[PDB]
2 protein chains.
Amino acid sequence: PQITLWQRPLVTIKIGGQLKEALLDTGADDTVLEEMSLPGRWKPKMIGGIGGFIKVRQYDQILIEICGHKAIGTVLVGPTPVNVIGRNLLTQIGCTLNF
Amino acid sequence: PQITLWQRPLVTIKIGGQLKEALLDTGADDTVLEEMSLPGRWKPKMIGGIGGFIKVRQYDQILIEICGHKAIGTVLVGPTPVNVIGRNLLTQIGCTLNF
Ligand SMILES: Nc1ccc(S(=O)(=O)N(Cc2ccccc2)[C@H]2CNC[C@@H]2N(Cc2ccccc2)S(=O)(=O)c2ccc(N)cc2)cc1
Ligand SMILES: [Cl-]
């Protein structure tokens, strides 16, 4: 698909058996989602932007489906105001910026 | 161009006759640049980042070149972690996401 930026590029994802909406975000180094349970080990991390930093839990090697694409990656889980798909997983689906 | 996401999509921009590095950010609705001088009057704007909402200065109809492409639009100025080119100007340069 070619996705326009007239509007936020929102997509549906499946993770931990759950369907969530998330923003395809080239400015995000990492994928970050609102509070949820994920299997496996995790470690704490801090991520920041305008407004400051939040604490998240870093889960590695998590399977996600994004637009029919199956991908594997790191997911940060915490009190974020917006679910985003970051570069770590956009690369895995072959996503590029084009102009 | 076609820009992959293994590394941050940083490009060169020109504004006020100066070259700066900025991040192409499909998660940012709006372009926000580091503190700088711009002509004209500005208006208040609130923008929401991961740590919360902050006040920034809004300048409209500003000339800005992004990776060689000419744009004229709204440029926000404030304590952003990095210069980000948001959807308002990525649309102007004809940028899309593709996979
Ligand atoms: N590692 C890492 C660091 C930060 C984040 S993020 O701040 O949540 N995040 C997602 C987001 C926030 C708010 C609204 C919509 C999307 C970043 C990335 N896309 C926009 C946002 N930001 C730009 C950024 C932040 C840190 C490093 C490099 C760039 S931001 O400063 O919150 C921001 C928000 C809105 C606008 N107009 C401009 C900027 C995610 C992963
Ligand atoms: Cl590639």
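Below, chains carry the letters A, B, ... as their sequence lines are ordered, and counting in each starts from 1. We use all heavy atoms of the structure for the numbers below, so side chains are in, but hydrogens, waters and symmetry mates are not. Order of listing sets the numbers, starting from 1, for every ligand and every atom in it.
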Subject >> Residues in side-chain contact (heavy atoms from CB on, under 4.5 Å) contact with A/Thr80, at least two apart in sequence or another chain >> reply: A/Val32, A/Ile54, A/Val82, A/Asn83, B/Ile50
Report every pair formed by an N or O atom of ligand 1 and a protein N or O atom separated by less than 3.5 Å, giving atom names and the distance to 0.1 Å.
from, atom 1, to, atom 2, distance (Å)
ligand 1, 1 (N), A/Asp30, OD2, 2.7
ligand 1, 19 (N), A/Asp25, OD1, 2.9
ligand 1, 19 (N), A/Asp25, OD2, 2.7
ligand 1, 19 (N), B/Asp25, OD1, 3.0
ligand 1, 19 (N), B/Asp25, OD2, 3.0
ligand 1, 31 (O), A/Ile50, N, 3.2
ligand 1, 37 (N), B/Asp30, O, 3.1

Subject >> Under-4.0 Å salt bridge between A/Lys20 and A/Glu34 >> reply: yes
**OP:** Please name all residues satisfying side-chain contact (heavy atoms from CB on, under 4.5 Å) with A/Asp29, sequence neighbours left out, ordered by chain then number.
**Re:** A/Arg87, B/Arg8
**OP:** Could you tell me whether the side chains of A/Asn88 and A/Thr74 share a donor-acceptor contact shorter than 3.5 Å?
**Re:** no
**OP:** Please write out which residues are connected to A/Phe53 in a hydrophobic cluster, directly or through intermediates, given that two of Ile, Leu, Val, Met, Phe, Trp, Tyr count as joined at side-chain heavy-atom separations below 4.5 angstrom.
**Re:** A/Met46
Original post:
If you measure only the distance, is there a donor-acceptor pair under 3.5 Å linking the side chains of B/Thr96 and A/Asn98?
Top reply: no
